[PDB]
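Reviewing the structure listed below.
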Amino acid sequence: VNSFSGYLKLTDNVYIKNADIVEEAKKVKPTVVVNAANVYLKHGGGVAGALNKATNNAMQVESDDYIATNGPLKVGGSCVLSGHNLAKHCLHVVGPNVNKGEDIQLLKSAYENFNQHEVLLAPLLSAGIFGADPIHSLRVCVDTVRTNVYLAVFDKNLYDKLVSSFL
Ligand SMILES: O=C(O)C[C@H](NC(=O)c1ncnc2[nH]ccc12)c1ccccn1
C-alpha cells in the first residue's frame, strides 16, 4: 500500500491521473519523481521547467554541477539526482524530442530506466512540447515498464483522450 490518491488503474502496474506532477510530488513526497529532461539537464519548460521552479532553481544548480563533471546524458538515458523538496530522488529521463528531430524508437529505451525503481511518480515521456504522439507513449509505457508507475498528466483534455482511447 502506498500514498497515491485518485489514480485510475490502467494495468497491473500502471496508474494514471489528471494532475500536475509538481502538485502530486509536494503532496506524496514519493521516493522517485521522474523529470522529462534533456541531455544537458537544462530545465527550461514543460515538466522540467515546472519541477525546477518548484525547487527554487536548486535542481538546476545541482544539474549544472552534474553536467560539468559527467557531460551530457544520452537520448534514452537517465541519471539519479536529488528530489530536493519534491521527492527523495529525481530520475532525470531523456525521451526523444520529436521537435528536435530525435529518434522516436528511443522512447522504449527511455522507459526502461523506470524498471530500476520499484515505484515512481512520472509524466508521460515525450508528450507535450516534446512533440511525440501521447497515445503511443502511454502504449510504450505499459508495454515496457514493469515496476509500479503513477502517471500524472497535466492537460485535462489530454488525460480524457488518453483514458478514452486506452486498449
Ligand atoms: O501531461 C502533460 O500535459 C504533458 C507534460 N507536461 C507537464 O506535466 C507540464 N508541462 C508544463 N508545465 C507544467 N507544470 C506542471 C506540470 C507541467 C509533459 C510530459 C513530457 C514532456 C513534456 N511535457
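As shown in the C-alpha cells, the chain order sets the letters A, B, ...; within each chain, residues go from 1, and ligands are also counted from 1 in the order they appear.
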
What are the nearest atom pairs, with distances in Å to one decimal, for all residues of chain A that come at most 6 Å from ligand 1, using only C-alpha atoms and all ligand atoms, set out by chain and rising residue number as CSV?
residue,atom,partner,partner_atom_place_in_ligand_line,distance
A:20,CA,ligand 1,16 (C),4.6
A:21,CA,ligand 1,16 (C),5.3
A:22,CA,ligand 1,15 (C),5.6
A:36,CA,ligand 1,21 (C),5.2
A:46,CA,ligand 1,11 (C),3.4
A:47,CA,ligand 1,9 (C),4.2
A:50,CA,ligand 1,14 (N),4.7
A:123,CA,ligand 1,19 (C),5.0
A:124,CA,ligand 1,19 (C),4.8
A:125,CA,ligand 1,20 (C),4.5
A:126,CA,ligand 1,20 (C),4.7
A:127,CA,ligand 1,20 (C),4.4
A:128,CA,ligand 1,23 (N),4.2
A:129,CA,ligand 1,22 (C),5.2
A:130,CA,ligand 1,21 (C),5.2
A:153,CA,ligand 1,1 (O),3.5
A:154,CA,ligand 1,1 (O),3.8
A:155,CA,ligand 1,3 (O),3.9

Which residues are near residue A:48? Cut-off 9 Å, only C-alpha atoms, ignore same chain within fewer than 6 positions. Put them as an mmCIF file with N, CA and C atoms, in the first residue's frame.
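In the end it all went to around_31.cif:
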data_model
loop_
_atom_site.group_PDB
_atom_site.id
_atom_site.type_symbol
_atom_site.label_atom_id
_atom_site.label_comp_id
_atom_site.auth_asym_id
_atom_site.auth_seq_id
_atom_site.Cartn_x
_atom_site.Cartn_y
_atom_site.Cartn_z
ATOM 1 N N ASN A 35 11.721 13.301 -13.980
ATOM 2 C CA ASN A 35 11.762 14.506 -14.784
ATOM 3 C C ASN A 35 11.889 14.150 -16.256
ATOM 4 N N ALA A 36 11.146 14.863 -17.099
ATOM 5 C CA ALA A 36 11.275 14.739 -18.551
ATOM 6 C C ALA A 36 12.374 15.699 -18.998
ATOM 7 N N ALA A 37 13.612 15.211 -18.943
ATOM 8 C CA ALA A 37 14.814 16.011 -19.109
ATOM 9 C C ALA A 37 15.298 16.021 -20.559
ATOM 10 N N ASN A 38 16.265 16.901 -20.815
ATOM 11 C CA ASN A 38 17.116 16.837 -21.994
ATOM 12 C C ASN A 38 18.536 16.453 -21.577
ATOM 13 N N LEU A 41 20.420 18.592 -19.181
ATOM 14 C CA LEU A 41 19.743 18.914 -17.932
ATOM 15 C C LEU A 41 19.469 20.409 -17.810
ATOM 16 N N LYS A 42 19.092 21.032 -18.925
ATOM 17 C CA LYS A 42 18.683 22.433 -18.930
ATOM 18 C C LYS A 42 17.171 22.473 -18.776
ATOM 19 N N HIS A 92 16.074 11.762 -13.740
ATOM 20 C CA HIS A 92 16.038 12.573 -14.954
ATOM 21 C C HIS A 92 16.137 11.628 -16.139
#

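What separates atom CA of residue A:64 from atom CA of residue A:101 is a distance of 24.4 Å.
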
Determine, for each residue of stretch 104-154 of chain A having at least one atom at most 12 Å from an atom of stretch 1-12 of chain A, the closest pair of atoms and their separation in Å to one decimal, counting only C-alpha atoms; order by chain and ascending number, as JSON lines.
{"residue": "A:118", "atom": "CA", "partner": "A:2", "partner_atom": "CA", "distance": 11.7}
{"residue": "A:119", "atom": "CA", "partner": "A:2", "partner_atom": "CA", "distance": 9.2}
{"residue": "A:120", "atom": "CA", "partner": "A:4", "partner_atom": "CA", "distance": 10.5}
{"residue": "A:121", "atom": "CA", "partner": "A:4", "partner_atom": "CA", "distance": 9.0}
{"residue": "A:138", "atom": "CA", "partner": "A:10", "partner_atom": "CA", "distance": 10.1}
{"residue": "A:139", "atom": "CA", "partner": "A:10", "partner_atom": "CA", "distance": 10.7}
{"residue": "A:141", "atom": "CA", "partner": "A:11", "partner_atom": "CA", "distance": 10.8}
{"residue": "A:142", "atom": "CA", "partner": "A:11", "partner_atom": "CA", "distance": 7.5}
{"residue": "A:143", "atom": "CA", "partner": "A:11", "partner_atom": "CA", "distance": 10.1}
{"residue": "A:145", "atom": "CA", "partner": "A:12", "partner_atom": "CA", "distance": 10.7}
{"residue": "A:146", "atom": "CA", "partner": "A:12", "partner_atom": "CA", "distance": 8.9}
{"residue": "A:147", "atom": "CA", "partner": "A:12", "partner_atom": "CA", "distance": 9.5}
{"residue": "A:148", "atom": "CA", "partner": "A:12", "partner_atom": "CA", "distance": 8.4}
{"residue": "A:149", "atom": "CA", "partner": "A:12", "partner_atom": "CA", "distance": 10.0}
{"residue": "A:150", "atom": "CA", "partner": "A:7", "partner_atom": "CA", "distance": 7.5}
{"residue": "A:151", "atom": "CA", "partner": "A:7", "partner_atom": "CA", "distance": 8.4}
{"residue": "A:152", "atom": "CA", "partner": "A:7", "partner_atom": "CA", "distance": 8.8}
{"residue": "A:153", "atom": "CA", "partner": "A:7", "partner_atom": "CA", "distance": 10.8}

May I have the selected residues written with N, CA and C atoms, as a PDB file, in the first residue's frame?
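Full text of selection.pdb as output:
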ATOM      1  N   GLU A 118      11.318   0.681  -7.869  1.00  0.00           N
ATOM      2  CA  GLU A 118      10.123  -0.111  -7.588  1.00  0.00           C
ATOM      3  C   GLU A 118       8.830   0.681  -7.758  1.00  0.00           C
ATOM      4  N   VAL A 119       8.851   1.975  -7.440  1.00  0.00           N
ATOM      5  CA  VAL A 119       7.678   2.844  -7.513  1.00  0.00           C
ATOM      6  C   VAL A 119       8.130   4.218  -7.991  1.00  0.00           C
ATOM      7  N   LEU A 120       7.388   4.802  -8.933  1.00  0.00           N
ATOM      8  CA  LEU A 120       7.719   6.124  -9.453  1.00  0.00           C
ATOM      9  C   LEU A 120       6.471   6.952  -9.715  1.00  0.00           C
ATOM     10  N   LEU A 121       6.586   8.257  -9.467  1.00  0.00           N
ATOM     11  CA  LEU A 121       5.643   9.266  -9.943  1.00  0.00           C
ATOM     12  C   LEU A 121       6.248   9.874 -11.202  1.00  0.00           C
ATOM     13  N   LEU A 138       1.912   6.331 -24.017  1.00  0.00           N
ATOM     14  CA  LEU A 138       1.261   5.531 -22.983  1.00  0.00           C
ATOM     15  C   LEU A 138       1.352   4.042 -23.312  1.00  0.00           C
ATOM     16  N   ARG A 139       1.186   3.689 -24.589  1.00  0.00           N
ATOM     17  CA  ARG A 139       1.307   2.295 -25.005  1.00  0.00           C
ATOM     18  C   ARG A 139       2.708   1.765 -24.722  1.00  0.00           C
ATOM     19  N   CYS A 141       4.820   2.911 -22.544  1.00  0.00           N
ATOM     20  CA  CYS A 141       4.959   2.819 -21.092  1.00  0.00           C
ATOM     21  C   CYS A 141       4.409   1.494 -20.569  1.00  0.00           C
ATOM     22  N   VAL A 142       3.157   1.186 -20.903  1.00  0.00           N
ATOM     23  CA  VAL A 142       2.509  -0.014 -20.380  1.00  0.00           C
ATOM     24  C   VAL A 142       3.219  -1.271 -20.852  1.00  0.00           C
ATOM     25  N   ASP A 143       3.774  -1.246 -22.062  1.00  0.00           N
ATOM     26  CA  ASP A 143       4.436  -2.408 -22.644  1.00  0.00           C
ATOM     27  C   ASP A 143       5.913  -2.515 -22.270  1.00  0.00           C
ATOM     28  N   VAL A 145       7.398  -0.708 -18.943  1.00  0.00           N
ATOM     29  CA  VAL A 145       7.627  -0.577 -17.510  1.00  0.00           C
ATOM     30  C   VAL A 145       6.947  -1.735 -16.793  1.00  0.00           C
ATOM     31  N   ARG A 146       7.703  -2.399 -15.915  1.00  0.00           N
ATOM     32  CA  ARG A 146       7.214  -3.499 -15.102  1.00  0.00           C
ATOM     33  C   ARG A 146       7.060  -3.137 -13.636  1.00  0.00           C
ATOM     34  N   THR A 147       7.702  -2.059 -13.194  1.00  0.00           N
ATOM     35  CA  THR A 147       7.573  -1.569 -11.834  1.00  0.00           C
ATOM     36  C   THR A 147       6.332  -0.682 -11.734  1.00  0.00           C
ATOM     37  N   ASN A 148       6.031  -0.202 -10.535  1.00  0.00           N
ATOM     38  CA  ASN A 148       4.763   0.489 -10.297  1.00  0.00           C
ATOM     39  C   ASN A 148       4.906   1.964 -10.650  1.00  0.00           C
ATOM     40  N   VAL A 149       4.175   2.401 -11.666  1.00  0.00           N
ATOM     41  CA  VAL A 149       4.285   3.762 -12.168  1.00  0.00           C
ATOM     42  C   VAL A 149       2.939   4.468 -12.042  1.00  0.00           C
ATOM     43  N   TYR A 150       2.993   5.667 -11.456  1.00  0.00           N
ATOM     44  CA  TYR A 150       1.866   6.567 -11.272  1.00  0.00           C
ATOM     45  C   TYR A 150       2.087   7.749 -12.202  1.00  0.00           C
ATOM     46  N   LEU A 151       1.286   7.810 -13.262  1.00  0.00           N
ATOM     47  CA  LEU A 151       1.425   8.818 -14.300  1.00  0.00           C
ATOM     48  C   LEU A 151       0.545  10.018 -13.996  1.00  0.00           C
ATOM     49  N   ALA A 152       1.155  11.200 -13.982  1.00  0.00           N
ATOM     50  CA  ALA A 152       0.464  12.456 -13.724  1.00  0.00           C
ATOM     51  C   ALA A 152       0.421  13.238 -15.028  1.00  0.00           C
ATOM     52  N   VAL A 153      -0.776  13.367 -15.592  1.00  0.00           N
ATOM     53  CA  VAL A 153      -0.989  14.051 -16.858  1.00  0.00           C
ATOM     54  C   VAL A 153      -1.568  15.424 -16.559  1.00  0.00           C
TER      55      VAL A 153
END

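Compared by their closest atoms to residue A:109, and using only C-alpha atoms, the residues A:91, A:140, A:132, A:167 rank with A:140 nearest.
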